[PDB]
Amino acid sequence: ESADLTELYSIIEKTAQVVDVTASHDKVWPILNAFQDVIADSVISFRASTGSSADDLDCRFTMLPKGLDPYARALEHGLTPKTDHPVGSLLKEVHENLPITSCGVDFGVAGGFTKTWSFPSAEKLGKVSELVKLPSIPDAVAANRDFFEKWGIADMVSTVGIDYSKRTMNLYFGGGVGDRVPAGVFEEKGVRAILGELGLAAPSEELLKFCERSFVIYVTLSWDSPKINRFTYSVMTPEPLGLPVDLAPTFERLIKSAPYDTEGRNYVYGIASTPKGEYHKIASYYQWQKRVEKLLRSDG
């Protein structure tokens, strides 16, 4: 479908323009071509951000096939640089040693290819104890073992994200059908304790109210420090105008003026905490897949 990709690029360019980002065809088009065979059956969403990432729109294609190595695919098509850094060998170790059943890719309309995601099934989640054995894992995973076990999340890794551009990795917890992160992680006492322990900014009232609604968390780690760099809470909802946040103008426009109607999850909103403050993210769902409802929680 020549004109399926052309139509998709058009959606991408218009959506970027709603959040005041100029899309680069030279970055996007090679990627759409490289993954053309897995786009129709993927879940596609478009994510805007506040803070420094406000200069790009992330395009996410998830729930791609089990047999796909999306990093290998990107490398073969020249979309991401060949590297000797362990970031470039981690995905293969993850897929071999954790029960990974699907994957995903992220690219910026201006930045190009940036991340992969590796998804276990809700029936069999990943473990920090599996991750620490891998030759390419960040030291920070083992360094933070006590944190993961304290909060009861060490055996419920629901996604592994790898950012090739930043050389970081995200570990996600929650979000699967029948799965739960422990309740106390979302209550004010816990939110304060977690951000305190991790040396992150104290939670704003906005974050505290937002956390009440959350059932997914993720931590970002790097290879160059033992410290968790950020801790993010996410909320799924069809009614993002009802979230207890002061929405950025670009976010209001993406909600009201996207060139499509949202599907499935509709929206996934995130508030990231770093050592220096907080920033917000919102993902608007363009293409959903019904078969994913068996694996992922999708009402909000």
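One-based numbering along the sequence shown.
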Got a sec? Mean C-alpha B-factor, which is higher, 116-124 or 136-144?
-> 116-124
Mean Cα B-factor comparison, 177-185 or 211-219, giving the higher one as deposited | 177-185
Quick one: which of 51, 30, 70, 240 shows the highest Cα temperature factor in the PDB entry?
-> 51
Ordered by C-alpha B-factor within the chain, which third holds residue 93? Give me lowest, middle or highest, please.
-> middle
Compared with the other modelled residues in the chain, in which third is the CA B-factor of residue 273?
-> lowest
For residue 21, the third of its chain by CA B-factor is the highest
What third of the chain, by the recorded C-alpha B-factor, contains residue 86?
-> middle
Is the Cα B-factor recorded for residue 260 in the lowest, middle or highest third of its chain?
-> highest
